[PDB]
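So this one's target.cif, mmCIF, C-alpha atoms; chains and numbers go by the auth columns:
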data_start
loop_
_atom_site.group_PDB
_atom_site.id
_atom_site.type_symbol
_atom_site.label_atom_id
_atom_site.label_comp_id
_atom_site.label_asym_id
_atom_site.label_seq_id
_atom_site.Cartn_x
_atom_site.Cartn_y
_atom_site.Cartn_z
_atom_site.B_iso_or_equiv
_atom_site.auth_seq_id
_atom_site.auth_asym_id
ATOM 1 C CA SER A 1 -22.454 -19.791 -7.314 0.00 20 C
ATOM 2 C CA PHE A 2 -25.884 -20.318 -8.866 0.00 21 C
ATOM 3 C CA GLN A 3 -28.742 -20.931 -6.417 0.00 22 C
ATOM 4 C CA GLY A 4 -26.520 -20.809 -3.346 0.00 23 C
ATOM 5 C CA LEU A 5 -24.535 -18.587 -1.039 0.00 24 C
ATOM 6 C CA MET A 6 -22.425 -17.063 -3.814 0.00 25 C
ATOM 7 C CA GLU A 7 -19.622 -15.727 -1.634 0.00 26 C
ATOM 8 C CA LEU A 8 -17.439 -15.830 -4.757 0.00 27 C
ATOM 9 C CA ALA A 9 -17.506 -12.038 -4.961 0.00 28 C
ATOM 10 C CA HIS A 10 -16.125 -12.156 -1.423 0.00 29 C
ATOM 11 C CA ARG A 11 -13.356 -14.338 -2.853 0.00 30 C
ATOM 12 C CA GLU A 12 -12.570 -11.724 -5.495 0.00 31 C
ATOM 13 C CA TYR A 13 -12.528 -9.044 -2.803 0.00 32 C
ATOM 14 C CA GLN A 14 -9.951 -11.216 -1.066 0.00 33 C
ATOM 15 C CA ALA A 15 -8.150 -11.115 -4.405 0.00 34 C
ATOM 16 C CA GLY A 16 -8.849 -7.368 -4.286 0.00 35 C
ATOM 17 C CA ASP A 17 -10.310 -7.203 -7.790 0.00 36 C
ATOM 18 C CA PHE A 18 -13.714 -5.753 -8.632 0.00 37 C
ATOM 19 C CA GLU A 19 -14.971 -6.559 -12.134 0.00 38 C
ATOM 20 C CA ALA A 20 -16.406 -10.051 -11.771 0.00 39 C
ATOM 21 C CA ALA A 21 -17.157 -9.380 -8.107 0.00 40 C
ATOM 22 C CA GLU A 22 -18.795 -6.050 -8.937 0.00 41 C
ATOM 23 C CA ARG A 23 -21.114 -7.484 -11.577 0.00 42 C
ATOM 24 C CA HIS A 24 -21.651 -10.472 -9.289 0.00 43 C
ATOM 25 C CA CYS A 25 -22.944 -8.263 -6.489 0.00 44 C
ATOM 26 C CA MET A 26 -25.038 -6.283 -8.964 0.00 45 C
ATOM 27 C CA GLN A 27 -26.596 -9.589 -9.956 0.00 46 C
ATOM 28 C CA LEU A 28 -26.869 -10.582 -6.289 0.00 47 C
ATOM 29 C CA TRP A 29 -28.760 -7.470 -5.243 0.00 48 C
ATOM 30 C CA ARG A 30 -31.145 -8.153 -8.087 0.00 49 C
ATOM 31 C CA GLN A 31 -31.357 -11.799 -6.973 0.00 50 C
ATOM 32 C CA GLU A 32 -30.790 -11.574 -3.199 0.00 51 C
ATOM 33 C CA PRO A 33 -31.512 -8.010 -2.073 0.00 52 C
ATOM 34 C CA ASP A 34 -31.811 -9.705 1.312 0.00 53 C
ATOM 35 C CA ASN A 35 -28.339 -9.505 2.798 0.00 54 C
ATOM 36 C CA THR A 36 -26.885 -6.027 2.959 0.00 55 C
ATOM 37 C CA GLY A 37 -23.329 -6.953 3.906 0.00 56 C
ATOM 38 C CA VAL A 38 -22.974 -7.682 0.202 0.00 57 C
ATOM 39 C CA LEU A 39 -23.902 -4.057 -0.413 0.00 58 C
ATOM 40 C CA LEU A 40 -21.252 -3.279 2.180 0.00 59 C
ATOM 41 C CA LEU A 41 -18.837 -5.297 0.039 0.00 60 C
ATOM 42 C CA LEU A 42 -19.857 -3.093 -2.873 0.00 61 C
ATOM 43 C CA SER A 43 -19.323 0.112 -0.903 0.00 62 C
ATOM 44 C CA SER A 44 -15.958 -1.263 0.198 0.00 63 C
ATOM 45 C CA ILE A 45 -14.903 -2.007 -3.390 0.00 64 C
ATOM 46 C CA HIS A 46 -15.902 1.497 -4.406 0.00 65 C
ATOM 47 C CA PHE A 47 -13.889 2.711 -1.425 0.00 66 C
ATOM 48 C CA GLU A 48 -10.533 1.187 -2.326 0.00 67 C
ATOM 49 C CA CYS A 49 -10.986 1.903 -6.027 0.00 68 C
ATOM 50 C CA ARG A 50 -11.864 5.553 -5.245 0.00 69 C
ATOM 51 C CA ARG A 51 -15.523 5.332 -6.281 0.00 70 C
ATOM 52 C CA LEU A 52 -16.393 7.446 -3.248 0.00 71 C
ATOM 53 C CA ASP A 53 -19.936 8.693 -3.711 0.00 72 C
ATOM 54 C CA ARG A 54 -21.001 5.303 -5.044 0.00 73 C
ATOM 55 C CA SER A 55 -19.753 3.863 -1.761 0.00 74 C
ATOM 56 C CA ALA A 56 -21.829 6.551 -0.079 0.00 75 C
ATOM 57 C CA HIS A 57 -24.966 5.681 -2.033 0.00 76 C
ATOM 58 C CA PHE A 58 -24.738 1.958 -1.350 0.00 77 C
ATOM 59 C CA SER A 59 -24.050 2.731 2.291 0.00 78 C
ATOM 60 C CA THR A 60 -27.222 4.837 2.326 0.00 79 C
ATOM 61 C CA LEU A 61 -29.109 1.828 0.993 0.00 80 C
ATOM 62 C CA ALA A 62 -27.610 -0.200 3.833 0.00 81 C
ATOM 63 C CA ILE A 63 -29.061 2.548 6.023 0.00 82 C
ATOM 64 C CA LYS A 64 -32.501 1.929 4.534 0.00 83 C
ATOM 65 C CA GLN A 65 -32.724 -1.732 5.206 0.00 84 C
ATOM 66 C CA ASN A 66 -31.234 -1.918 8.722 0.00 85 C
ATOM 67 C CA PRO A 67 -30.173 1.423 10.215 0.00 86 C
ATOM 68 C CA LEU A 68 -29.192 -0.701 13.218 0.00 87 C
ATOM 69 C CA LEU A 69 -25.931 -1.899 11.612 0.00 88 C
ATOM 70 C CA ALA A 70 -23.080 0.156 13.056 0.00 89 C
ATOM 71 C CA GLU A 71 -20.834 -0.697 10.135 0.00 90 C
ATOM 72 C CA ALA A 72 -22.714 1.436 7.636 0.00 91 C
ATOM 73 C CA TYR A 73 -21.930 4.277 10.021 0.00 92 C
ATOM 74 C CA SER A 74 -18.318 3.098 10.102 0.00 93 C
ATOM 75 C CA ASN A 75 -18.060 3.273 6.325 0.00 94 C
ATOM 76 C CA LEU A 76 -19.864 6.613 6.222 0.00 95 C
ATOM 77 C CA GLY A 77 -17.325 7.920 8.699 0.00 96 C
ATOM 78 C CA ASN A 78 -14.489 6.594 6.564 0.00 97 C
ATOM 79 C CA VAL A 79 -15.982 8.443 3.603 0.00 98 C
ATOM 80 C CA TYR A 80 -16.195 11.594 5.704 0.00 99 C
ATOM 81 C CA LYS A 81 -12.590 11.059 6.759 0.00 100 C
ATOM 82 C CA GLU A 82 -11.262 11.210 3.228 0.00 101 C
ATOM 83 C CA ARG A 83 -13.740 13.976 2.421 0.00 102 C
ATOM 84 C CA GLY A 84 -13.130 16.211 5.420 0.00 103 C
ATOM 85 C CA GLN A 85 -16.212 15.940 7.634 0.00 104 C
ATOM 86 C CA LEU A 86 -14.226 14.275 10.393 0.00 105 C
ATOM 87 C CA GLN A 87 -16.430 15.522 13.249 0.00 106 C
ATOM 88 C CA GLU A 88 -19.440 13.817 11.715 0.00 107 C
ATOM 89 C CA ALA A 89 -17.322 10.681 11.450 0.00 108 C
ATOM 90 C CA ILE A 90 -16.517 10.945 15.143 0.00 109 C
ATOM 91 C CA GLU A 91 -20.144 11.292 16.189 0.00 110 C
ATOM 92 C CA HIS A 92 -20.909 8.378 13.872 0.00 111 C
ATOM 93 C CA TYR A 93 -18.238 6.439 15.731 0.00 112 C
ATOM 94 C CA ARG A 94 -20.027 7.256 18.927 0.00 113 C
ATOM 95 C CA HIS A 95 -23.170 5.982 17.240 0.00 114 C
ATOM 96 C CA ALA A 96 -21.560 2.797 15.982 0.00 115 C
ATOM 97 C CA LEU A 97 -19.864 1.788 19.215 0.00 116 C
ATOM 98 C CA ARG A 98 -23.093 2.534 20.978 0.00 117 C
ATOM 99 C CA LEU A 99 -24.809 0.117 18.590 0.00 118 C
ATOM 100 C CA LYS A 100 -22.048 -2.491 19.019 0.00 119 C
ATOM 101 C CA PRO A 101 -20.225 -1.440 22.196 0.00 120 C
ATOM 102 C CA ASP A 102 -17.769 -4.347 21.953 0.00 121 C
ATOM 103 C CA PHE A 103 -16.701 -3.670 18.358 0.00 122 C
ATOM 104 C CA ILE A 104 -12.977 -3.188 17.793 0.00 123 C
ATOM 105 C CA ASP A 105 -12.425 -1.852 14.288 0.00 124 C
ATOM 106 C CA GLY A 106 -14.682 1.113 14.941 0.00 125 C
ATOM 107 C CA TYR A 107 -12.252 2.097 17.680 0.00 126 C
ATOM 108 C CA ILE A 108 -9.407 2.000 15.166 0.00 127 C
ATOM 109 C CA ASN A 109 -11.172 4.104 12.565 0.00 128 C
ATOM 110 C CA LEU A 110 -12.302 6.670 15.099 0.00 129 C
ATOM 111 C CA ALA A 111 -8.807 6.820 16.547 0.00 130 C
ATOM 112 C CA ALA A 112 -7.476 7.619 13.091 0.00 131 C
ATOM 113 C CA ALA A 113 -10.178 10.258 12.727 0.00 132 C
ATOM 114 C CA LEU A 114 -9.246 11.672 16.133 0.00 133 C
ATOM 115 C CA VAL A 115 -5.529 11.908 15.445 0.00 134 C
ATOM 116 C CA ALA A 116 -6.484 13.628 12.210 0.00 135 C
ATOM 117 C CA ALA A 117 -8.657 15.997 14.247 0.00 136 C
ATOM 118 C CA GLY A 118 -6.171 16.604 17.058 0.00 137 C
ATOM 119 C CA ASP A 119 -7.654 15.194 20.306 0.00 138 C
ATOM 120 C CA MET A 120 -5.066 12.699 21.525 0.00 139 C
ATOM 121 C CA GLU A 121 -6.653 11.530 24.770 0.00 140 C
ATOM 122 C CA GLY A 122 -9.882 10.404 23.167 0.00 141 C
ATOM 123 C CA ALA A 123 -7.766 8.292 20.847 0.00 142 C
ATOM 124 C CA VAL A 124 -5.960 6.963 23.914 0.00 143 C
ATOM 125 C CA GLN A 125 -9.291 5.795 25.312 0.00 144 C
ATOM 126 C CA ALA A 126 -10.132 4.365 21.897 0.00 145 C
ATOM 127 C CA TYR A 127 -6.982 2.260 21.831 0.00 146 C
ATOM 128 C CA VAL A 128 -7.247 1.318 25.504 0.00 147 C
ATOM 129 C CA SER A 129 -10.856 0.214 25.126 0.00 148 C
ATOM 130 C CA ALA A 130 -9.736 -1.840 22.151 0.00 149 C
ATOM 131 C CA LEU A 131 -7.046 -3.416 24.312 0.00 150 C
ATOM 132 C CA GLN A 132 -9.235 -4.215 27.292 0.00 151 C
ATOM 133 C CA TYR A 133 -11.455 -5.831 24.694 0.00 152 C
ATOM 134 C CA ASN A 134 -8.478 -7.560 23.109 0.00 153 C
ATOM 135 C CA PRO A 135 -5.023 -7.881 24.664 0.00 154 C
ATOM 136 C CA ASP A 136 -3.757 -9.570 21.502 0.00 155 C
ATOM 137 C CA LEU A 137 -4.137 -6.886 18.802 0.00 156 C
ATOM 138 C CA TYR A 138 -0.431 -6.144 18.994 0.00 157 C
ATOM 139 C CA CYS A 139 -0.634 -3.918 15.913 0.00 158 C
ATOM 140 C CA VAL A 140 -2.965 -1.519 17.686 0.00 159 C
ATOM 141 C CA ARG A 141 -0.572 -1.651 20.629 0.00 160 C
ATOM 142 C CA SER A 142 2.188 -0.429 18.336 0.00 161 C
ATOM 143 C CA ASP A 143 -0.190 2.281 17.153 0.00 162 C
ATOM 144 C CA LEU A 144 -0.658 3.260 20.774 0.00 163 C
ATOM 145 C CA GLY A 145 3.093 3.414 20.906 0.00 164 C
ATOM 146 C CA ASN A 146 3.383 5.746 17.953 0.00 165 C
ATOM 147 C CA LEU A 147 0.742 8.084 19.354 0.00 166 C
ATOM 148 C CA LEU A 148 2.294 8.134 22.811 0.00 167 C
ATOM 149 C CA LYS A 149 5.718 8.821 21.348 0.00 168 C
ATOM 150 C CA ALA A 150 4.130 11.665 19.404 0.00 169 C
ATOM 151 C CA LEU A 151 3.049 12.851 22.850 0.00 170 C
ATOM 152 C CA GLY A 152 6.581 12.394 24.173 0.00 171 C
ATOM 153 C CA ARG A 153 5.517 10.163 27.067 0.00 172 C
ATOM 154 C CA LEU A 154 8.409 7.923 26.176 0.00 173 C
ATOM 155 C CA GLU A 155 8.844 5.240 28.797 0.00 174 C
ATOM 156 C CA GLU A 156 5.332 3.812 28.840 0.00 175 C
ATOM 157 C CA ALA A 157 5.146 3.988 25.056 0.00 176 C
ATOM 158 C CA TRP B 1 67.510 50.836 42.878 0.00 387 D
ATOM 159 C CA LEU B 2 70.779 51.846 44.538 0.00 388 D
ATOM 160 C CA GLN B 3 69.853 50.069 47.756 0.00 389 D
ATOM 161 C CA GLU B 4 69.032 47.101 45.505 0.00 390 D
ATOM 162 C CA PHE B 5 72.389 46.708 43.721 0.00 391 D
ATOM 163 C CA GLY B 6 71.038 43.281 42.749 0.00 392 D
ATOM 164 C CA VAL B 7 70.894 43.277 38.946 0.00 393 D
ATOM 165 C CA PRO B 8 71.835 46.858 37.978 0.00 394 D
ATOM 166 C CA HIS B 9 73.312 46.200 34.519 0.00 395 D
ATOM 167 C CA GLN B 10 73.926 49.964 34.484 0.00 396 D
ATOM 168 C CA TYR B 11 70.219 50.299 33.554 0.00 397 D
ATOM 169 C CA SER B 12 71.119 48.574 30.298 0.00 398 D
ATOM 170 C CA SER B 13 70.162 44.933 30.464 0.00 399 D
ATOM 171 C CA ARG B 14 69.028 43.221 27.270 0.00 400 D
ATOM 172 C CA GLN B 15 66.133 44.652 25.199 0.00 401 D
ATOM 173 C CA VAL B 16 68.393 47.540 24.188 0.00 402 D
ATOM 174 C CA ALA B 17 67.161 49.422 21.124 0.00 403 D
ATOM 175 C CA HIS B 18 68.097 48.146 17.672 0.00 404 D
ATOM 176 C CA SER B 19 66.866 47.877 14.087 0.00 405 D
ATOM 177 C CA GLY B 20 64.398 45.062 14.585 0.00 406 D
ATOM 178 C CA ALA B 21 62.015 43.587 12.047 0.00 407 D
ATOM 179 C CA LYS B 22 58.451 42.441 12.746 0.00 408 D
ATOM 180 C CA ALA B 23 56.989 38.953 12.960 0.00 409 D
ATOM 181 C CA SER B 24 54.463 37.422 10.552 0.00 410 D
ATOM 182 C CA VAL B 25 51.391 35.379 11.420 0.00 411 D
ATOM 183 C CA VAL B 26 48.912 32.959 9.818 0.00 412 D
ATOM 184 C CA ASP B 27 45.150 32.365 9.481 0.00 413 D
ATOM 185 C CA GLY B 28 42.672 30.736 7.082 0.00 414 D
ATOM 186 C CA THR B 29 38.929 30.527 6.324 0.00 415 D
ATOM 187 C CA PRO B 30 36.488 27.713 7.169 0.00 416 D
ATOM 188 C CA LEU B 31 33.771 26.247 4.991 0.00 417 D
ATOM 189 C CA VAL B 32 30.398 24.919 6.130 0.00 418 D
ATOM 190 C CA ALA B 33 28.139 21.919 5.639 0.00 419 D
ATOM 191 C CA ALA B 34 24.419 21.261 5.944 0.00 420 D
ATOM 192 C CA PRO B 35 23.085 18.286 7.933 0.00 421 D
ATOM 193 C CA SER B 36 20.446 16.144 6.283 0.00 422 D
ATOM 194 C CA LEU B 37 17.368 14.440 7.708 0.00 423 D
ATOM 195 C CA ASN B 38 17.425 11.942 10.595 0.00 424 D
ATOM 196 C CA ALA B 39 13.880 10.898 11.535 0.00 425 D
ATOM 197 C CA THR B 40 13.418 7.098 11.877 0.00 426 D
ATOM 198 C CA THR B 41 9.660 6.572 12.488 0.00 427 D
ATOM 199 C CA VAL B 42 7.202 3.913 11.269 0.00 428 D
ATOM 200 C CA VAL B 43 3.501 2.994 11.529 0.00 429 D
ATOM 201 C CA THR B 44 1.525 -0.127 10.568 0.00 430 D
ATOM 202 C CA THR B 45 -2.145 0.459 9.604 0.00 431 D
ATOM 203 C CA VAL B 46 -2.737 3.898 8.120 0.00 432 D
ATOM 204 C CA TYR B 47 -5.307 2.963 5.446 0.00 433 D
ATOM 205 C CA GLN B 48 -9.000 2.377 6.122 0.00 434 D
#

Kindly present the structure from the file in C-alpha cells form.
Amino acid sequence: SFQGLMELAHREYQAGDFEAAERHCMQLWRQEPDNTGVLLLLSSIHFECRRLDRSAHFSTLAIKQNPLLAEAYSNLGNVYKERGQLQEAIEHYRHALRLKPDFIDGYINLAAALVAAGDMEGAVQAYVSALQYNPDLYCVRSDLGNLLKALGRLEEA
Amino acid sequence: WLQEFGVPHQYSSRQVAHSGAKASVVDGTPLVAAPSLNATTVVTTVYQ
C-alpha cells in the first residue's frame, strides 16, 4: 500500500476494474516511475476498456525506459492487430521472440495475427514452437486443432 | 397363317372394335423446404 510494493492495483486488475487501480498507478508512476510493468498494467487496462491510443502512449513510455522488453512490442502488436497494421505486429513479434526467444504468449499473439493475415504455416510453427517449449498448454493444442481443421488436415488435428 | 392353323380365330380374336371410353390418370404438385445452418465449431482464446 503506502511505502511498499503496492501491487494492489494488480489486485484490481485481477478483479478487472480500473478506477482505483488506474489512479493507483497514476500515483505510482509519480511515486515509483521505476518499474515499467506497472505502466504495462496501465496500457493493459486501457486495452480491455478500449482506451487504445492511451495504451499506445504508455507502451511508448515503456519503450523509452527499456526498449529491451519484448512485451511492449507484444502490446504494440496487439494494438496494431485491432487497428489493422498486422504486418507491423508480425515483425514486432519477430522482434519480441528474438528478445525473449523462449517466450510463449508472444507466439500466441503472433499466431492470431497470422491467421488474421492468412499465412497458416507460420502460425503452425508458432504453435509448434510453443508446444516444444511447453507440452502442457493444452488450450494452444486445441487452437492448433482448430487451425489444422480449417486446413482440412483432419486426422492429425 | 394358313400353314399355321394354330390360333386362327378367323382373324377376329379379341380386341375387336367397339365404342370404348378412355382411362383417367392422376398427378399432384410438390412443395419445397430450405435447410438451415449446421456448423458446430468452437475456439477457446480469441481475445488478446

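Here the PyMOL selection byres ((chain C) within 8 of (chain D)) captures the residues residues 97, 128, 131, 158, 161, 162 and 165 of chain C.
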
* Asked: Written as a PyMOL selection string, what is the full residue list that the PyMOL selection byres ((chain C and resi 25-36) around 10) yields on the file shown?
  -> chain C and resi 20-24+37-44+47+57+60-61+63-64+67-68

Expected file: the selected residues, C-alpha atoms, as an mmCIF file, in the coordinates of the input:
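Saved to part-v4.cif:
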data_model
loop_
_atom_site.group_PDB
_atom_site.id
_atom_site.type_symbol
_atom_site.label_atom_id
_atom_site.label_comp_id
_atom_site.auth_asym_id
_atom_site.auth_seq_id
_atom_site.Cartn_x
_atom_site.Cartn_y
_atom_site.Cartn_z
ATOM 1 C CA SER C 20 -22.454 -19.791 -7.314
ATOM 2 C CA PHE C 21 -25.884 -20.318 -8.866
ATOM 3 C CA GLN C 22 -28.742 -20.931 -6.417
ATOM 4 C CA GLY C 23 -26.520 -20.809 -3.346
ATOM 5 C CA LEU C 24 -24.535 -18.587 -1.039
ATOM 6 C CA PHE C 37 -13.714 -5.753 -8.632
ATOM 7 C CA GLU C 38 -14.971 -6.559 -12.134
ATOM 8 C CA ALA C 39 -16.406 -10.051 -11.771
ATOM 9 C CA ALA C 40 -17.157 -9.380 -8.107
ATOM 10 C CA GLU C 41 -18.795 -6.050 -8.937
ATOM 11 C CA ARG C 42 -21.114 -7.484 -11.577
ATOM 12 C CA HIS C 43 -21.651 -10.472 -9.289
ATOM 13 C CA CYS C 44 -22.944 -8.263 -6.489
ATOM 14 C CA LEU C 47 -26.869 -10.582 -6.289
ATOM 15 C CA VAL C 57 -22.974 -7.682 0.202
ATOM 16 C CA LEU C 60 -18.837 -5.297 0.039
ATOM 17 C CA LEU C 61 -19.857 -3.093 -2.873
ATOM 18 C CA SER C 63 -15.958 -1.263 0.198
ATOM 19 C CA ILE C 64 -14.903 -2.007 -3.390
ATOM 20 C CA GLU C 67 -10.533 1.187 -2.326
ATOM 21 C CA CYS C 68 -10.986 1.903 -6.027
#

* Could you please determine the separation between atom CA of residue 92 of chain C and atom CA of residue 107 of chain C in Å, to one decimal place? =>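 Distance reported for this atom pair: 10.0 Å.
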
* **Computed interatomic separation between atom CA of residue 171 of chain C and atom CA of residue 141 of chain C (Å)** =>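 Taking atom CA of residue 171 of chain C and atom CA of residue 141 of chain C, their separation equals 16.6 Å.
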
* For atom CA of residue 421 of chain D and atom CA of residue 168 of chain C, determine how far apart the two atoms are, in Å to one decimal place. => 23.9 Å

* **Shell around segment 133-136 of chain C at 9 Å using all atoms listed in the file, local window under 6 positions removed, as a PyMOL selection string** => chain C and resi 100+105-106+109+142+166

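For the set C:96, C:175, C:138, C:89, the residue with the smallest atom-to-atom gap to residue 115 of chain C is C:89, counting only C-alpha atoms.
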